[PDB]
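Enquirer:
There are 4 protein chains.
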Amino acid sequence: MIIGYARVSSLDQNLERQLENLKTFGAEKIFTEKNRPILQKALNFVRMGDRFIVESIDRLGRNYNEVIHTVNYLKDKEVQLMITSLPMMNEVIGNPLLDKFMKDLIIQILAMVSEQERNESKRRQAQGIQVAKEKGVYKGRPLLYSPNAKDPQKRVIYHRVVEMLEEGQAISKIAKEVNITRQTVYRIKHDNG
Amino acid sequence: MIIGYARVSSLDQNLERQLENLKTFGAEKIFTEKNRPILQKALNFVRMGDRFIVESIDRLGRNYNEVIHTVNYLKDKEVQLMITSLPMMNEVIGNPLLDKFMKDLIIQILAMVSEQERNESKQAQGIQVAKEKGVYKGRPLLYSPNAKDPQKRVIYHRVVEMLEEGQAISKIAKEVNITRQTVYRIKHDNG
Amino acid sequence: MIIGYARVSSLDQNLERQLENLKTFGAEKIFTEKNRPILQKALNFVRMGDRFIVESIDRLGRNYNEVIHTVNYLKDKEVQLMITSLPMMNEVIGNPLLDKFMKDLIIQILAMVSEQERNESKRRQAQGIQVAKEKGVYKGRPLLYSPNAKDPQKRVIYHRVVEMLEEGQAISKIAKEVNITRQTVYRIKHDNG
Amino acid sequence: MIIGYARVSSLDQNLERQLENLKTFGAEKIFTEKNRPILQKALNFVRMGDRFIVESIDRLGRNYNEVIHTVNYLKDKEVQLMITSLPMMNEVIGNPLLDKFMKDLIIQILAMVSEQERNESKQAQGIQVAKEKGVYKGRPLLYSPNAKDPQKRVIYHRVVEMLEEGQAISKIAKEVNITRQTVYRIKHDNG
DNA sequence: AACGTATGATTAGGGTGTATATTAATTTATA
DNA sequence: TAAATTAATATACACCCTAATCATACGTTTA
DNA sequence: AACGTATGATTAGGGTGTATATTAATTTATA
DNA sequence: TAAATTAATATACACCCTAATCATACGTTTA
């Protein structure tokens with residue numbers, strides 16, 4: 137049993153035409169939406185063997201995700217899905233594959249879209265990083281002990297290290313006195329000049 | 007003639023694999039994107055009878071509306087479109103009648119999604135017919151040439167200069183005591 | 137009528153002795169504190185002509201400020217105040233004029249004390265400033281436009297001024313362009329080197 | 007012999023006025039404080055029979071207990087004490103019986119006030135018989151020699167050094183990323 | 001018009017104290 | 001553990017110092 | 001013992017995006 | 001005034017980059 141479903145788009149307020157359209161494709165019974173509850177009602181009405189007709193994909197849901205649900209539904213209840221606006225929906229519909237086909241493809245595409253958004257986050261991040269990484273921004277860790285250094289205290293330490301170098305102290309002593317690695321002290325040394 | 011087209015996603019930098027996968031589907035000749043000009047080149051290369059292969063919808067355009075253009079292009083030049091991840095496309099392929107259909111469908115689905123994502127984040131284009139055709143509403147730019155306080159003006163410029171100089175956002179912000187979000191704003195706006 | 141008032145100090149818990157002591161000076165009726173409400177009671181009891189006896193100043197209040205109140209009270213109701221611990225206290229109040237006296241002096245002193253704490257604030261402050269002012273710390277206003285300068289933006293401005301100087305632009309133009317005084321620009325000039 | 011003693015209060019820097027104000031009461035010889043050593047000097051100068059003049063109680067000591075000492079001293083050496091802002095004292099100094107009395111009284115009043123102000127703010131002296139005669143309670147000094155983290159030790163010292171060098175508190179704080187109160191703590195503790 | 005140079009006011013960057021509610025680190029009582 | 005106890009920190013309130021700047025003005029020299 | 005010099009791990013100072021509740025500044029509707 | 005509307009700011013959440021440092025070890029040279 138052929139079933140239609142219409143719902144006036146706020147940009148396309150005409151109804152009647154839409155209706156006629158539907159019948160023009162066989163719509164025997166037609167639900168009309170005044171949350172879209174009617175829709176659900178219609179979907180519950182149809183069953184294996186019937187054909188559900190609508191003018192355009194978007195009439196199957198307020199957002200893509202929902203469309204998926206809708207289509208899925210029909211797919212399981214094994215109801216033919218027919219969409220008016222599609223050129224040649226007519227000659228093709230008679231193809232043994234087209235149904236299963238159209239249904240799946242729609243789902244796919246759509247899903248391939250959601251998991252594009254669920255990553256819009258990182259994507260733009262990774263996108264930005266890369267751009268930067270190209271500009272030569274990421275430069276590892278900056279000196280932890282040296283003037284300018286973030287933490288003012290380390291600045292103090294840095295200086296004392298130096299002072300202790302001019303004072304001619306011994307590396308080992310410097311290290312222990314400032315709780316630093318020898319290597320590090322050396323770095324401060326061959327760095328000072 | 008089977009033709010592939012690859013372009014490394016910033017999140018998926020591997021290339022080689024992508025390549026092989028293309029060949030795995032028949033790609034004889036393969037164009038690689040290093041604006042996406044290569045793409046346009048590949049599209050011009052193909053012609054009635056060939057098959058254009060790609061890994062995923064998005065490789066056909068930076069934004070959906072471009073994809074539409076792409077797909078539409080192929081549809082008219084009558085080139086088979088094949089997407090590595092919507093494998094079933096394989097079937098219908100080879101029956102000139104159904105091929106159109108797919109494209110046609112692919113289009114509608116996308117064209118639709120182009121709203122559900124376009125009617126959500128509403129806009130630096132309304133500042134060319136409201137501020138360039140009258141007087142703009144809301145607070146005025148604090149940092150930009152013209153700006154009331156001359157010093158801000160100076161700052162604005164330095165921000166820019168530092169952008170061309172390719173400096174990092176964070177550094178700019180701190181150097182000018184501004185928010186990143188603001189520097190951003192100065193960025194998008196410059197153009 | 138001679139009236140005494142006792143209240144055991146937590147450091148001096150003996151009572152009885154204190155009592156005797158009071159009587160030893162004439163206490164006919166004696167109030168004993170077990171907020172110090174009894175005290176207020178006793179104070180209300182006395183009247184012009186009576187003598188209020190206590191062992192020590194502090195028995196007149198929980199803090200100096202209160203003692204003042206107490207004493208002031210007695211002074212107005214014209215009640216003789218006597219304090220035991222004072223050497224020659226009798227020899228003293230055996231004169232009628234040494235009453236007015238003691239009362240006033242106490243008040244004075246005490247007041248001259250509160251008005252010492254009332255300023256303990258500014259005192260230590262002014263005290264500290266001075267020390268510093270001596271150490272040569274206070275150094276006026278530091279440069280507003282120059283590298284290092286507090287506000288990063290002005291730092292930016294400073295530089296641009298310079299740049300515009302090397303670029304050989306004119307003072308006046310610099311000034312207007314950076315919303316600064318000529319004098320100031322000159323300062324930046326006659327400074328750079 | 008009438009003797010005065012002046013010392014400019016940091017809140018009342020005028021000197022000269024204070025001086026005359028002393029002479030206005032008879033001050034023949036006047037000692038001026040530039041620890042208060044002059045004061046002690048003046049006190050040693052006076053002899054039974056003389057009168058010691060000062061503007062206000064507080065000029066007799068840095069803290070109350072010292073005043074007591076001062077007053078007591080004068081009381082024994084039998085020197086008249088006369089305080090400028092408690093003018094009514096003049097009415098009586100003549101007679102030595104009322105003189106003692108006043109002092110005696112002045113003492114009690116003060117001795118008293120010495121509690122109402124001593125039993126309120128409850129101490130860097132209990133760290134010489136608890137931490138220098140056992141083990142100290144509470145958190146350990148974070149900045150001080152001995153301190154666990156060696157770097158902290160280094161900082162501590164620099165704070166000190168900067169104190170002797172006579173630097174300003176605020177600067178010290180910022181330079182060592184410490185709180186002012188903390189720097190204070192290091193100050194009072196040093197000695 | 002810019003430049004060069006003054007002069008009295010206002011000022012922003014720096015200072016001096018004090019005090020309280022929190023969050024550390026330790027030793028020392030319970031349960 | 002759960003106290004008890006003392007160090008730091010984070011914040012506020014209150015108000016002090018003083019050379020840079022600002023606002024101004026006024027001859028003189030460059031455009 | 002220090003010095004001189006390596007080598008693999010961990011890391012702290014720097015980065016990249018995004019998003020929300022507030023507090024600015026303006027123009028533009030009311031009442 | 002009271003909206004309405006757009007700029008900045010102040011903060012958080014999420015997670016990426018990478019040369020200094022740390023921890024280590026191991027011959028060699030100074031005390």
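Quick note, the sequences are listed as chains D, U, B and Y, same order. Counting in our numbering, the first sequence runs from 137 upward without gaps. Counting in our numbering, the second sequence runs from 7 upward without gaps. Counting in our numbering, the third sequence runs from 137 upward without gaps. Counting in our numbering, the fourth sequence runs from 7 upward without gaps. From the three backbone atoms N, C-alpha and C, an ideal C-beta is built for every residue, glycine too.
#1: Between B/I293 and chain U, is there a C-beta pair that is closer than 9 Å?
#2: Do the region 138-157 of chain B and the region 180-191 of chain B make contact, defined as three or more Cβ pairs closer than 8 Å?
#3: Can you say whether Y/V160 is buried or exposed, counting buried as having 16 or more other CB atoms within 10 angstroms of its CB?
#4: Could you give the residue range of the alpha helix (DSSP H) that holds B/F161?
#5: Going by beta-carbon coordinates alone, are Y/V14 and Y/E39 separated by less than 9 Å?
#6: Exposed or buried, which one is U/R57 when buried takes at least 16 other CB atoms within 10 Å?
#7: Go through its chain and collect everything with a Cβ distance to U/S120's Cβ below 7 Å, but skip five positions before and after it.
#8: So is the beta-carbon of D/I138 under 8 Å away from any non-hydrogen atom of the ligand FAD?
#9: What are the partner residues of Y/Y11, as DSSP defines its beta bridges?
#10: Against chain Y, with Cβ distances strictly below 9 Å, would D/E270 count as a contact?
#11: So residue 6 of chain U packs on D/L222, CB below 8 Å; how close in whole Å?
#12: For the region 180-194 of chain U, list every residue whose C-beta sits within 9 Å of some C-beta in chain B, in sequence order.
#13: Check the DSSP bridge columns for B/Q263 and list the partner residues they point to.
#14: For B/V321, which residues from the same chain have a beta carbon less than 7 Å from its beta carbon, with the 5 sequence-adjacent residues on both sides left out?
#15: Please go through the region 19-98 of chain U and give each complete alpha helix (DSSP H) segment of 4 or more residues, from N-terminal end onward.
#16: Could you check what DSSP says for U/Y142 in three-state terms: helix, strand or coil?
#17: Answer yes or no: do B/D235 and B/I229 have a C-beta to C-beta separation smaller than 9 Å?
#18: Can you find the residues in the same chain that come closer than 6 Å, C-beta to C-beta, to U/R186, ignoring five residues on each side of it along the sequence?
#19: Tell whether a beta-carbon distance below 9 Å holds between B/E164 and B/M184.
#20: Just checking my contact of B/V182 with B/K159 at CB under 8 Å: how many whole Å lie between their CB atoms?
#21: Count the other CB atoms within 10 Å of the CB of Y/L87; is the residue buried (16 or more) or exposed (fewer)?
#22: DSSP state of residue 134 of chain B, grouped into three classes?
#23: CB-CB under 8 Å to U/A130, same chain, minus the five flanking residues each way: which ones, in chain order?
#24: Beta-carbon of B/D194 versus every beta-carbon of chain U: anything under 9 Å?
#25: Report, in whole angstroms, the separation of the C-beta atoms of Y/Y11 and Y/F31, which I expect to be a contact under 8 Å.
#26: Within its chain, find whatever has a CB closer than 8 Å to the CB of D/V273; leave out the 5 residues flanking it on each side and keep chain order.
#27: Counting only the same chain and skipping the five closest in sequence on each side, list residues whose C-beta sits under 8 Å from that of B/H205.
#28: Identify, in the order they occur along the chain, each residue of the same chain with its Cβ nearer than 6 Å to the Cβ of Y/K81, setting aside the five sequence neighbours on each side.
#29: Under 9 Å between C-beta atoms, does B/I310 make it to chain Y?
#30: Quick check on the burial criterion: 16 or more other C-beta atoms within 10 angstroms. Buried or exposed for Y/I133?
#31: Expressed to the nearest angstrom, what Euclidean distance is found between the alpha-carbon atoms of U/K47 and U/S16?
#32: Using a C-beta to C-beta distance shorter than 7 Å, which residues of chain B count as neighbours of Y/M88?
#33: Chain B beta carbons: is any one of them nearer than 9 Å to that of Y/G100?
#34: Give me, in chain order, the residues of the same chain whose beta-carbon lies closer than 8 Å to that of U/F107; leave out the 5 immediate sequence neighbours on both sides.
#35: Does the distance from the C-beta atom of U/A153 to that of U/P146 stay below 9 Å?
Expert: In short, the structure shows the following:
#1: By 1-based counting over the third sequence, the position of residue 293 of chain B is 157. By this cut-off, B/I293 is an interface position.
#2: In short, these stretches touch, since the Cβ pair count reaches three.
#3: Indexing the fourth sequence from 1 puts residue 160 of chain Y at position 154. Using a 10 angstroms sphere on the CB of Y/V160, the tally of other CB atoms reaches 16 or more, which defines it as buried.
#4: Residue 161 of chain B sits at position 25 when you count from the first residue of the third sequence. Per DSSP, B/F161 is not a residue of any alpha helix (DSSP H), being assigned neither H nor E.
#5: For the purposes of this step, residue 14 of chain Y is taken as residue 8 along the fourth sequence, with counting starting at 1. For the purposes of this step, residue 39 of chain Y is taken as residue 33 along the fourth sequence, with counting starting at 1. In contact: Y/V14 and Y/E39 (Cβ atoms closer than 9 Å).
#6: Indexing the second sequence from 1 puts residue 57 of chain U at position 51. Buried, since its Cβ has 16 or more Cβ neighbours within 10 Å.
#7: Within the second sequence, numbered from 1, the residue matching residue 120 of chain U stands at position 114. Take U/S120, set aside five residues on each side of it, and the residues of its chain with a beta-carbon closer than 7 Å to its own are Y70, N71, in chain order.
#8: No copy of the ligand FAD appears in this structure; indeed no ligand is present at all.
#9: Sequence index remark: in the fourth sequence, residue 11 of chain Y carries index 5 (1-based). Y/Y11 pairs with Y/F37.
#10: As a first step, residue 270 of chain D must be located in the first sequence, where it is residue number 134. No - not a single Cβ of chain Y is within 9 Å of the one on D/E270.
#11: Here chain U has residues from 7 to 197 only, and residue 6 of chain U is not among them.
#12: Going along the region 180-194 of chain U in chain order, one finds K180, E181, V182, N183, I184 with a Cβ nearer than 9 Å to chain B.
#13: Taking the first residue of the third sequence as 1, we reach residue 263 of chain B at position 127. Answer is none; B/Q263 lacks a bridge partner.
#14: On the third sequence, position 185 is the one that residue 321 of chain B refers to. Counting only Cβ-Cβ distances below 7 Å, and skipping sequence neighbours, we find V297, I307, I310, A311.
#15: Here the runs fully enclosed are 22-29, 43-51, 70-83, 95-98.
#16: Taking the first residue of the second sequence as 1, we reach residue 142 of chain U at position 136. Residue state, collapsed to three classes: coil.
#17: Here residue 235 of chain B refers to the residue found at position 99 of the third sequence. Here residue 229 of chain B refers to the residue found at position 93 of the third sequence. In this structure, B/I229 lies closer than 9 Å to B/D235 by Cβ.
#18: Taking the second sequence and counting its residues from 1, one reaches residue 186 of chain U at position 180. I175, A179.
#19: Here the question's residue 164 of chain B lines up with position 28 in the third sequence. Here the question's residue 184 of chain B lines up with position 48 in the third sequence. By the CB criterion at 9 Å, B/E164 and B/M184 fall outside the cutoff.
#20: Position 46 of the third sequence, counted from the first residue, corresponds to residue 182 of chain B. Position 23 of the third sequence, counted from the first residue, corresponds to residue 159 of chain B. Incorrect: roughly 17 Å between the Cβ atoms, too far for contact.
#21: The residue given as residue 87 of chain Y occupies position 81 in the fourth sequence. Under a 10 Å Cβ-count criterion, Y/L87 is classified as buried, with 16 or more other Cβ atoms of the shown protein chains found around its own Cβ.
#22: The structure shown does not extend to residue 134 of chain B, since chain B is modelled only from 137 to 329, so the question has no answer here.
#23: Here the question's residue 130 of chain U lines up with position 124 in the second sequence. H194, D195, listed in sequence order.
#24: Counting from 1 along the third sequence, the entry for residue 194 of chain B is found at position 58. No, no contact with chain U.
#25: What you label residue 11 of chain Y is simply residue 5 of the fourth sequence in a count that begins at 1. What you label residue 31 of chain Y is simply residue 25 of the fourth sequence in a count that begins at 1. That pair is no contact at about 12 Å.
#26: Walking along the first sequence from the start, residue 273 of chain D turns up at place 137. Counting only Cβ-Cβ distances below 8 Å, and skipping sequence neighbours, we find nothing.
#27: Along the third sequence, one-based indexing puts residue 205 of chain B at 69. The residues are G197.
#28: Within the fourth sequence, residue 81 of chain Y is the residue found at index 75, counting from 1. Here the set comprises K109.
#29: Numbered from 1 along the third sequence, position 174 holds the residue referred to as residue 310 of chain B. No, B/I310 lies away from the interface with chain Y (no Cβ there is under 9 Å from its Cβ).
#30: Taking the fourth sequence and counting its residues from 1, the one referred to as residue 133 of chain Y is at position 127. Classification for Y/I133: exposed.
#31: Here residue 47 of chain U corresponds to residue number 41 of the second sequence, with the count starting at 1. Here residue 16 of chain U corresponds to residue number 10 of the second sequence, with the count starting at 1. Looking at the two C-alpha atoms, the distance is approximately 21 Å.
#32: Here residue 88 of chain Y is taken as the residue at index 82 of the fourth sequence, counted from 1. Here the premise fails: no neighbours, minimum Cβ distance about 13 Å.
#33: Position 94 of the fourth sequence, counting from 1, holds the residue named residue 100 of chain Y. Chain B, which has no Cβ nearer than 9 Å to the Cβ of Y/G100, makes this no.
#34: Reading the second sequence from its first residue, position 101 is the one you call residue 107 of chain U. So the list reads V98, once near-sequence residues are dropped.
#35: Position 147 of the second sequence, counting from 1, holds the residue named residue 153 of chain U. Position 140 of the second sequence, counting from 1, holds the residue named residue 146 of chain U. Yes, Cβ-Cβ distance for U/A153 and U/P146 is below 9 Å.
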